[PDB]
**Q** 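Quick one: structure below, then a few questions.
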Amino acid sequence: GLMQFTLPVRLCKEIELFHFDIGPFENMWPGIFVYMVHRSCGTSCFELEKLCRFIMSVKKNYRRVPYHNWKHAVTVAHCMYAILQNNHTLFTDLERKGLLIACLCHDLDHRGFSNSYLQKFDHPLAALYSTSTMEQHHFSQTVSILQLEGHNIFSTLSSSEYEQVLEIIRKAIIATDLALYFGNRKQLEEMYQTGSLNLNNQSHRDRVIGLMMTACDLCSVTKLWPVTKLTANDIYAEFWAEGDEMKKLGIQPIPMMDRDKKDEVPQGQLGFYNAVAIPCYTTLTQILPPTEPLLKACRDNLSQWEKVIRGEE
Ligand SMILES: Cn1ncc(C(=O)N2CCC2)c1C(=O)Nc1cc(-c2ccccn2)[nH]n1
Ligand SMILES: [Mg+2]
Ligand SMILES: [Zn+2]
């Protein structure tokens, strides 16, 4: 109870900033996550023995893939921490509880293949979940781990509070399906411009949390350029492996996943920043102004990708 998690000074200070990188020391990430729960939610909102066991079961159920791994989990959770600490009073206790866990669990048991590749492979999961295939699976994995003996970190919540947090986590994880992101941000864009946006309206809260989830999920594009650039290699390592697997199924993959179209990557990044990331953090900044540093960082990294194309690196 009187046991506070602490971090060395440089991390103590930098972890508060949107552009924080959690570092190459795997064994520190659990500690970094508990630190963030303790500062964001309180030291009393999870029994440490149950939280510690839950975290390590979540870690065990992430695969050793190049991008969709335990490091991605904790990175996405840190960006959510930075949003929550910069927008203190907007979020309920159950939202702070739910969303950090949502983020940590949001890619549980990812194989490093898209929903598209599962459907074309005809993977069993694609018969069980026709749309948002991996995302329904990640929610299903989250519930399984919550039901392991001694893992139920929500045990001391009322029956209704418990149902509310799992509903928050499910909507949060479903929203990381980027197919759902485009429609969600359009709706939020209209709602904000027309003045109809209302955070007392639950359906509107749900939309805002969906956007926050997209923003945290995409957060490699909001880092120092060397983090962004080197994370991009991991991202493309999964994409090219999927492109390889599409070729094995007899299907020419989209250029994004073709290791033969490596030359097209800089331009594909410009597309991605202009079509997905910049609009995401723009709308998020309008709805939550203290998240402006994510938009600024994203624009700086676009400008770095423009320099790669111009041959200035
Ligand atoms: C940076 N980042 N973060 C997440 C993602 C992303 O889409 N994710 C995470 C899994 C789904 C990206 C990304 O690079 N997306 C791209 C690349 C190209 C692209 C298009 C044509 C040619 C080359 N590349 N189009 N979209
Ligand atoms: Mg995902
Ligand atoms: Zn993710």
Side-chain angles (χ1 to χ4, degrees), residues 22 58 61-63 65-80 99 101-118 125 129 131-142 169-182 210 212-223 225 227-243 246 252-281 294 297-298 300-302 304-305 308-309:
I22 64 169
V58 176
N61 282 268
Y62 278 89
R63 299 199 175 224
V65 298
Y67 178 63
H68 282 102
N69 51 47
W70 178 232
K71 192 166 182 166
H72 172 70
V74 177
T75 297
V76 167
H78 159 270
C79 183
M80 177 60 72
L99 286 180
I101 297 291
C103 283
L104 193 70
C105 296
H106 86 288
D107 272 327
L108 259 161
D109 189 45
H110 208 288
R111 326 296 176 85
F113 297 113
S114 67
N115 287 339
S116 271
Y117 174 73
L118 282 205
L125 283 173
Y129 314 116
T131 71
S132 303
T133 301
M134 284 306 311
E135 293 84 9
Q136 298 203 61
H137 184 55
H138 308 313
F139 180 65
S140 181
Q141 292 284 283
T142 306
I169 289 156
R170 183 186 63 78
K171 291 181 201 154
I173 290 182
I174 302 305
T176 62
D177 179 9
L178 206 52
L180 301 182
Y181 150 76
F182 300 98
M212 291 169 49
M213 289 297 301
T214 309
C216 299
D217 203 10
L218 291 194
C219 83
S220 89
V221 303
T222 71
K223 304 297 171 183
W225 170 240
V227 182
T228 297
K229 190 180 128 204
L230 290 163
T231 306
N233 299 331
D234 292 339
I235 292 163
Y236 279 96
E238 299 205 349
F239 283 174
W240 295 332
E242 178 166 330
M246 290 290 197
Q252 187 57 27
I254 66 180
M256 182 187 314
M257 298 189 174
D258 197 342
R259 60 178 73 257
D260 298 341
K261 295 185 183 179
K262 221 184 231 72
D263 40 280
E264 299 189 23
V265 159
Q267 189 61 41
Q269 288 297 297
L270 295 193
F272 187 74
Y273 277 66
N274 289 308
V276 187
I278 299 287
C280 172
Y281 300 116
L294 293 162
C298 181
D300 285 346
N301 282 316
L302 177 52
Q304 287 300 282
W305 283 111
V308 172
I309 296 162

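FYI, the numbering just counts along the sequence from 1. Counting starts at 1 for both ligands and their atoms, following the listed order.
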**Q** Identify the protein heavy atom lying closest to atom 2 (N) of ligand 1, giving its residue, its atom name and the separation to 0.1 Å.
**A** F272 CE2, 3.6 Å
**Q** Check step by step if side chain to side chain contact (heavy atoms under 4.5 Å, CB included) holds for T75 and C219.
**A** CA-CA 8 Å; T75 297; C219 83; 3.6 Å; yes
**Q** With no hydrogens and no angle check, is any side-chain donor or acceptor of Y181 less than 3.5 Å from a backbone partner on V276?
**A** yes
**Q** Mark yes when over 12 heavy atoms from residues, nucleotides or ligands other than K229 sit less than 6.0 Å from its NZ; otherwise mark no.
**A** no
**Q** Looking at ligand 1, does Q267 have a heavy atom less than 4.0 Å from it?
**A** no
**Q** At less than 4.0 angstrom from any non-hydrogen atom of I235, what atoms of ligand 1 do you find?
**A** 1 (C), 2 (N), 3 (N)
**Q** So, for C79 and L294, which heavy atoms are closest and what is the spacing to 0.1 Å?
**A** SG-CD2, 3.9 Å
**Q** Output yes when a side-chain donor or acceptor of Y281 lies under 3.5 Å from a complementary backbone atom of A215, and no otherwise.
**A** yes
**Q** Under 4.0 Å, counting heavy atoms only: does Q269 come that close to any atom of ligand 1?
**A** yes
**Q** Tell me: protein heavy atom nearest atom 21 (C) of ligand 1, and distance?
**A** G268 CA, 3.7 Å
**Q** Tell me how many protein N, O or S atoms are closer than 2.8 Å to the Zn ion (ligand 3).
**A** 4
**Q** Mark up the atoms of ligand 1 that fall under 4.0 Å of a heavy atom belonging to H68, in ascending order.
**A** 10 (C)
**Q** Between the side chains of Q269 and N301, is a donor N or O closer than 3.5 angstrom to an acceptor N or O?
**A** no
**Q** Using the six-membered ring wherever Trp is involved, compare the ring planes of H72 and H68 and label them parallel, tilted or perpendicular (cut-offs 30° and 60°).
**A** perpendicular
**Q** With a 4.0 Å heavy-atom cut-off (strictly under), which part of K261 contacts ligand 1: side chain, backbone, both or neither?
**A** neither
**Q** Write the atom name of the N, O or S atom in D107 that is nearest the Mg ion (ligand 2).
**A** OD1
**Q** Report the relative orientation of the aromatic rings in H138 and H110; use parallel for angles under 30°, tilted for 30 to 60°, perpendicular for over 60°.
**A** parallel
**Q** Side chains of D217 and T176 only: does a donor on one sit below 3.5 Å from an acceptor on the other?
**A** no
**Q** Do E242 and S114 pair up side chain to side chain, a donor and an acceptor below 3.5 Å, judged on atom types alone?
**A** yes
**Q** What protein heavy atom lies closest to atom 23 (C) of ligand 1? Include the residue and the distance to one decimal.
**A** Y236 OH, 3.5 Å
**Q** For atom 8 (N) of ligand 1, which protein heavy atom lies nearest, and how many Å away is it?
**A** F239 CZ, 3.9 Å
**Q** Do the side chain of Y62 and the main chain of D107 share a donor and acceptor less than 3.5 angstrom apart?
**A** yes
**Q** So if I count the atoms of ligand 1 from 1 in the order they appear, which ones are less than 4.0 Å from some heavy atom of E264?
**A** 22 (C), 23 (C)
**Q** Any idea how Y117 and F113 line up, ring-wise: parallel (<30°), tilted (30 to 60°), or perpendicular (>60°)?
**A** tilted
**Q** Checking a contact table here: which protein heavy atom is nearest atom 25 (N) of ligand 1, and how many Å away?
**A** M256 CE, 3.1 Å
